[PDB]
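Source file: work-v4.csv; contents: CSV, C-alpha atoms.
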```
chain,number,residue,atom,x,y,z
G,1115,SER,CA,-124.7,101.2,50.4
G,1116,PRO,CA,-123.4,103.6,47.8
G,1117,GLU,CA,-126.4,102.4,45.7
G,1118,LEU,CA,-128.6,102.9,48.8
G,1119,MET,CA,-127.0,106.4,49.1
G,1120,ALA,CA,-127.8,106.9,45.4
G,1121,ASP,CA,-131.4,105.8,46.2
G,1122,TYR,CA,-131.5,108.4,49.0
G,1123,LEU,CA,-130.0,110.9,46.6
G,1124,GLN,CA,-132.7,109.9,44.0
G,1125,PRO,CA,-135.3,110.6,46.7
G,1126,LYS,CA,-133.8,114.1,47.2
G,1127,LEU,CA,-133.7,114.3,43.3
G,1128,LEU,CA,-133.9,117.8,41.9
G,1129,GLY,CA,-134.6,119.5,45.3
G,1130,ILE,CA,-131.2,118.6,46.8
G,1131,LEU,CA,-129.6,119.9,43.5
G,1132,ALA,CA,-131.9,123.0,43.6
G,1133,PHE,CA,-130.7,123.6,47.2
G,1134,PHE,CA,-127.1,123.4,46.0
G,1135,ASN,CA,-128.1,125.6,43.0
G,1136,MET,CA,-129.7,128.1,45.5
G,1137,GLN,CA,-126.4,128.1,47.5
G,1138,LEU,CA,-124.5,128.7,44.3
G,1139,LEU,CA,-127.0,131.4,43.4
G,1140,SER,CA,-126.5,133.2,46.8
G,1141,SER,CA,-123.8,136.0,46.7
G,1142,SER,CA,-123.0,135.3,50.4
G,1143,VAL,CA,-121.8,131.7,49.9
G,1144,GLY,CA,-117.9,131.8,49.7
G,1145,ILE,CA,-116.5,131.1,46.2
G,1146,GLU,CA,-114.2,128.5,47.7
G,1147,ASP,CA,-117.2,127.1,49.6
G,1148,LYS,CA,-119.1,127.2,46.3
G,1149,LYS,CA,-116.2,125.4,44.6
G,1150,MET,CA,-116.4,122.8,47.4
G,1151,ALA,CA,-120.2,122.6,46.8
G,1152,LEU,CA,-119.4,122.2,43.0
G,1153,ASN,CA,-116.9,119.4,43.9
G,1154,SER,CA,-119.7,118.0,46.2
G,1155,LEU,CA,-122.2,118.3,43.3
G,1156,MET,CA,-119.8,116.3,41.1
G,1157,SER,CA,-119.4,113.8,43.9
G,1158,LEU,CA,-123.2,113.7,44.4
G,1159,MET,CA,-123.6,113.2,40.6
G,1160,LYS,CA,-121.1,110.4,40.8
G,1161,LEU,CA,-123.0,109.0,43.8
G,1162,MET,CA,-126.3,109.1,41.9
G,1163,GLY,CA,-124.5,107.8,38.7
G,1164,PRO,CA,-125.1,109.1,35.2
G,1165,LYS,CA,-128.4,107.3,34.6
G,1166,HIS,CA,-129.8,108.5,38.0
G,1167,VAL,CA,-128.9,112.2,37.3
G,1168,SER,CA,-131.1,112.1,34.1
G,1169,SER,CA,-133.0,115.4,33.6
G,1170,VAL,CA,-131.6,116.6,37.0
G,1171,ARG,CA,-128.1,116.4,35.5
G,1172,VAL,CA,-129.4,118.8,32.7
G,1173,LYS,CA,-130.8,120.9,35.6
G,1174,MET,CA,-127.3,120.5,37.2
G,1175,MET,CA,-125.8,121.7,33.9
G,1176,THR,CA,-128.1,124.8,34.2
G,1177,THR,CA,-126.8,125.0,37.8
G,1178,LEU,CA,-123.3,124.6,36.3
G,1179,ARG,CA,-124.2,127.5,34.0
G,1180,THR,CA,-125.0,129.6,37.1
G,1181,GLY,CA,-121.6,128.3,38.4
G,1182,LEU,CA,-120.2,129.3,35.0
G,1183,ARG,CA,-121.7,132.8,35.3
G,1184,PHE,CA,-119.4,133.5,38.3
G,1185,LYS,CA,-116.2,131.5,37.9
G,1186,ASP,CA,-112.9,133.4,38.7
G,1187,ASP,CA,-110.4,131.0,40.4
G,1188,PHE,CA,-113.2,128.4,40.8
G,1189,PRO,CA,-113.6,128.1,37.0
G,1190,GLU,CA,-110.4,126.3,36.1
G,1191,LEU,CA,-111.3,123.8,38.8
G,1192,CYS,CA,-115.0,124.1,37.7
G,1193,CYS,CA,-114.1,123.5,34.1
G,1194,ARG,CA,-112.3,120.3,35.2
G,1195,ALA,CA,-115.4,119.5,37.3
G,1196,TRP,CA,-117.7,120.3,34.3
G,1197,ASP,CA,-115.6,118.0,32.2
G,1198,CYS,CA,-115.7,115.4,35.0
G,1199,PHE,CA,-119.5,115.9,35.1
G,1200,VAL,CA,-119.6,115.3,31.3
G,1201,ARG,CA,-117.3,112.3,31.9
G,1202,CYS,CA,-119.6,111.1,34.7
G,1203,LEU,CA,-122.6,111.7,32.4
G,1204,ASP,CA,-123.5,108.9,30.0
G,1205,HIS,CA,-122.3,109.7,26.4
G,1206,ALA,CA,-126.0,109.5,25.3
G,1207,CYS,CA,-126.4,111.8,22.3
G,1208,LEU,CA,-123.9,114.6,21.4
G,1209,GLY,CA,-127.0,116.4,19.9
G,1210,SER,CA,-128.8,116.1,23.2
G,1211,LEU,CA,-126.0,118.1,25.1
G,1212,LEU,CA,-126.4,120.6,22.2
G,1213,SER,CA,-125.7,124.3,23.0
G,1214,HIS,CA,-125.1,123.8,26.7
G,1215,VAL,CA,-122.1,121.6,26.0
G,1216,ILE,CA,-121.0,124.2,23.4
G,1217,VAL,CA,-121.7,127.1,25.8
G,1218,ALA,CA,-119.6,125.4,28.4
G,1219,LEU,CA,-116.8,124.8,25.9
G,1220,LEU,CA,-116.8,128.5,24.9
G,1221,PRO,CA,-116.5,129.6,28.5
G,1222,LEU,CA,-113.8,127.0,29.0
G,1223,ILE,CA,-111.9,128.1,25.9
G,1224,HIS,CA,-111.8,131.7,27.4
G,1225,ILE,CA,-110.6,130.4,30.7
G,1226,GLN,CA,-107.8,128.2,29.0
G,1227,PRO,CA,-107.4,127.1,25.4
G,1228,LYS,CA,-106.2,123.7,26.7
G,1229,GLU,CA,-109.1,123.1,29.2
G,1230,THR,CA,-111.7,123.5,26.5
G,1231,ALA,CA,-109.6,121.4,24.1
G,1232,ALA,CA,-109.2,118.6,26.6
G,1233,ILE,CA,-112.9,118.5,27.3
G,1234,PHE,CA,-113.7,118.7,23.6
G,1235,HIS,CA,-111.4,115.8,22.7
G,1236,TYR,CA,-113.0,113.8,25.6
G,1237,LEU,CA,-116.4,114.8,24.4
G,1238,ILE,CA,-115.7,113.8,20.8
G,1239,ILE,CA,-114.3,110.4,21.9
G,1240,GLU,CA,-117.3,109.8,24.3
G,1241,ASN,CA,-119.8,110.8,21.6
G,1242,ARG,CA,-118.3,108.4,19.1
G,1243,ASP,CA,-120.9,107.6,16.4
G,1244,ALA,CA,-123.2,110.2,18.1
G,1245,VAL,CA,-120.3,112.7,17.7
G,1246,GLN,CA,-120.7,114.9,14.5
G,1247,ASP,CA,-124.5,114.5,14.6
G,1248,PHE,CA,-124.5,118.0,16.2
G,1249,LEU,CA,-121.1,119.1,14.6
G,1250,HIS,CA,-123.1,120.8,11.8
G,1251,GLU,CA,-125.4,122.3,14.4
G,1252,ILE,CA,-122.3,123.5,16.4
G,1253,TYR,CA,-121.0,125.4,13.3
```

Please express what this file holds, its structure, as structure tokens.
Amino acid sequence: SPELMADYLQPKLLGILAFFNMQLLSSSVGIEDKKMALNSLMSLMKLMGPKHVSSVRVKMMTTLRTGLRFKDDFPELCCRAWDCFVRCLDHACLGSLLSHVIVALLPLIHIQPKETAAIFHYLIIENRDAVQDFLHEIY
């Protein structure tokens, strides 16, 4: 079952994500392979579902930040993947994403003006009433 697969993914929990993060951390893993792993991480996050990812999704965002640290060609795909991960993530609280969403947006804006803008517009729409709670915080 995809839900059964999600339950198996839930049993792996942070450690499977940590193993992916460790592979992302390693210099040896190929950037295209890392991009495939990032696509896999987005697929795994989808398989878990937003509620299942929970704190691990925030850990995944930290892993995404490690992915952000070396981006190159992968980053334009990664920025779409990060936007997809945000889209996969429950809107929850805009304030709860806080700086990490802003930090991702700033990296995305450097990679392309449009990629950050598309993510920001999606983020604002998803945040809804929550959106602008952190707008003052993200001066």

query = Separation of CA of residue 1157 (chain G) and CA of residue 1243 (chain G), in Å?
reply = 28.2 Å

inquiry  = What's around residue 1136 (chain G) at 12 Å? Count all atoms listed in the file, leave out sequence neighbours fewer than 5 positions away in its own chain, and write the answer as an MDAnalysis selection string.
reply    = chainID G and resid 1128:1131 1141:1143 1148 1151 1174 1176:1178 1180:1181

task = Quick one: residues within 9 Å of (-125.0, 116.5, 15.3) (file frame), counting only C-alpha atoms, please, as a PyMOL selection string.
result = chain G and resi 1207-1210+1212+1244-1252

Pull C-alpha atoms from the residues just selected and write them as a compact mmCIF listing (two decimals), in the frame of the given file.
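What ended up in selection.txt:
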```
# COMPACT_ATOMS: atom_id res chain seq x y z
CA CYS G 1207 -126.40 111.80 22.30
CA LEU G 1208 -123.90 114.60 21.40
CA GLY G 1209 -127.00 116.40 19.90
CA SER G 1210 -128.80 116.10 23.20
CA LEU G 1212 -126.40 120.60 22.20
CA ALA G 1244 -123.20 110.20 18.10
CA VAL G 1245 -120.30 112.70 17.70
CA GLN G 1246 -120.70 114.90 14.50
CA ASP G 1247 -124.50 114.50 14.60
CA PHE G 1248 -124.50 118.00 16.20
CA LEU G 1249 -121.10 119.10 14.60
CA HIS G 1250 -123.10 120.80 11.80
CA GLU G 1251 -125.40 122.30 14.40
CA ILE G 1252 -122.30 123.50 16.40
```

query = For the atom pair CA of residue 1123 (chain G) and CA of residue 1158 (chain G), what is the interatomic distance in Å to one decimal place?
reply =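 So the answer is 7.7 Å.
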
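Closest approach to residue 1117 (chain G) among G:1166, G:1239, G:1153, G:1132 is made by G:1166 (distances from only C-alpha atoms).
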
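Residues in contact with region 1194-1203 of chain G at up to 9 Å, not including ones fewer than 3 positions away on its chain and judged by all atoms listed in the file, are residues 1152, 1153, 1155, 1156, 1159, 1160, 1163, 1164, 1165, 1167, 1168, 1171, 1175, 1178, 1189, 1190, 1191, 1206, 1215, 1218, 1229, 1230, 1232, 1233, 1234, 1236, 1237 and 1240 of chain G.
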
query = So how far away is CA of residue 1184 (chain G) from CA of residue 1222 (chain G), in Å?
reply = 12.7 Å

key: Selected residue, from G:1183, G:1169, G:1161, G:1127, that lies nearest to residue 1139 (chain G) when counting all atoms listed in the file   =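 Nearest to residue 1139 (chain G): G:1183.
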
task = Could you check which of G:1228, G:1145, G:1162, G:1186 is closest to residue 1121 (chain G), using all atoms listed in the file?
result = G:1162

Could you pull region 1178-1233 of chain G out of the block above and save it with C-alpha atoms, as a PDB file, in the first residue's frame?
```pdb
ATOM      1  CA  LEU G1178      17.703  20.760   1.756  1.00  0.00           C
ATOM      2  CA  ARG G1179      19.886  23.606   3.142  1.00  0.00           C
ATOM      3  CA  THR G1180      22.899  21.241   2.818  1.00  0.00           C
ATOM      4  CA  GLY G1181      21.601  20.567  -0.708  1.00  0.00           C
ATOM      5  CA  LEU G1182      21.273  24.357  -1.096  1.00  0.00           C
ATOM      6  CA  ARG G1183      24.913  24.793   0.035  1.00  0.00           C
ATOM      7  CA  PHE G1184      26.162  22.972  -3.096  1.00  0.00           C
ATOM      8  CA  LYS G1185      23.611  23.599  -5.835  1.00  0.00           C
ATOM      9  CA  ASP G1186      25.109  24.385  -9.315  1.00  0.00           C
ATOM     10  CA  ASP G1187      22.984  22.806 -12.142  1.00  0.00           C
ATOM     11  CA  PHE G1188      21.051  20.790  -9.498  1.00  0.00           C
ATOM     12  CA  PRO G1189      19.787  23.981  -7.829  1.00  0.00           C
ATOM     13  CA  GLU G1190      17.343  25.131 -10.490  1.00  0.00           C
ATOM     14  CA  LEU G1191      15.851  21.593 -10.338  1.00  0.00           C
ATOM     15  CA  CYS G1192      16.422  21.646  -6.536  1.00  0.00           C
ATOM     16  CA  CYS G1193      14.641  25.027  -6.198  1.00  0.00           C
ATOM     17  CA  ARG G1194      11.666  23.496  -8.046  1.00  0.00           C
ATOM     18  CA  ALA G1195      12.027  20.435  -5.755  1.00  0.00           C
ATOM     19  CA  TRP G1196      12.207  22.699  -2.662  1.00  0.00           C
ATOM     20  CA  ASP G1197       9.093  24.540  -3.915  1.00  0.00           C
ATOM     21  CA  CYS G1198       7.520  21.101  -4.521  1.00  0.00           C
ATOM     22  CA  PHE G1199       8.594  20.069  -0.983  1.00  0.00           C
ATOM     23  CA  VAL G1200       6.952  23.263   0.328  1.00  0.00           C
ATOM     24  CA  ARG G1201       3.880  22.445  -1.837  1.00  0.00           C
ATOM     25  CA  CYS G1202       3.993  18.864  -0.458  1.00  0.00           C
ATOM     26  CA  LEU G1203       4.348  20.330   3.071  1.00  0.00           C
ATOM     27  CA  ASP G1204       1.057  21.302   4.799  1.00  0.00           C
ATOM     28  CA  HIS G1205       0.686  25.113   4.760  1.00  0.00           C
ATOM     29  CA  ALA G1206       0.646  25.038   8.588  1.00  0.00           C
ATOM     30  CA  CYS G1207       2.053  28.378   9.829  1.00  0.00           C
ATOM     31  CA  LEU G1208       4.034  30.813   7.589  1.00  0.00           C
ATOM     32  CA  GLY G1209       5.769  31.900  10.820  1.00  0.00           C
ATOM     33  CA  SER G1210       6.712  28.259  11.537  1.00  0.00           C
ATOM     34  CA  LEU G1211       8.697  28.048   8.243  1.00  0.00           C
ATOM     35  CA  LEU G1212      10.258  31.389   9.354  1.00  0.00           C
ATOM     36  CA  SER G1213      13.889  32.020   8.258  1.00  0.00           C
ATOM     37  CA  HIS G1214      14.444  28.656   6.528  1.00  0.00           C
ATOM     38  CA  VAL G1215      11.705  29.470   3.976  1.00  0.00           C
ATOM     39  CA  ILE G1216      13.195  33.007   3.625  1.00  0.00           C
ATOM     40  CA  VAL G1217      16.766  31.591   3.363  1.00  0.00           C
ATOM     41  CA  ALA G1218      15.598  29.197   0.627  1.00  0.00           C
ATOM     42  CA  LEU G1219      13.860  32.094  -1.153  1.00  0.00           C
ATOM     43  CA  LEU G1220      17.053  34.223  -1.038  1.00  0.00           C
ATOM     44  CA  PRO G1221      19.121  31.377  -2.568  1.00  0.00           C
ATOM     45  CA  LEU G1222      16.369  30.775  -5.141  1.00  0.00           C
ATOM     46  CA  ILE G1223      16.278  34.517  -6.003  1.00  0.00           C
ATOM     47  CA  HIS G1224      20.012  34.408  -6.769  1.00  0.00           C
ATOM     48  CA  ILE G1225      19.586  31.254  -8.910  1.00  0.00           C
ATOM     49  CA  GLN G1226      16.663  32.883 -10.821  1.00  0.00           C
ATOM     50  CA  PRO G1227      14.436  35.903 -10.069  1.00  0.00           C
ATOM     51  CA  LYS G1228      11.456  33.912 -11.408  1.00  0.00           C
ATOM     52  CA  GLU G1229      12.076  30.690  -9.444  1.00  0.00           C
ATOM     53  CA  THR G1230      11.988  32.536  -6.098  1.00  0.00           C
ATOM     54  CA  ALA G1231       9.015  34.602  -7.229  1.00  0.00           C
ATOM     55  CA  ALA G1232       7.018  31.529  -8.270  1.00  0.00           C
ATOM     56  CA  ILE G1233       7.800  29.823  -4.937  1.00  0.00           C
TER      57      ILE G1233
END
```
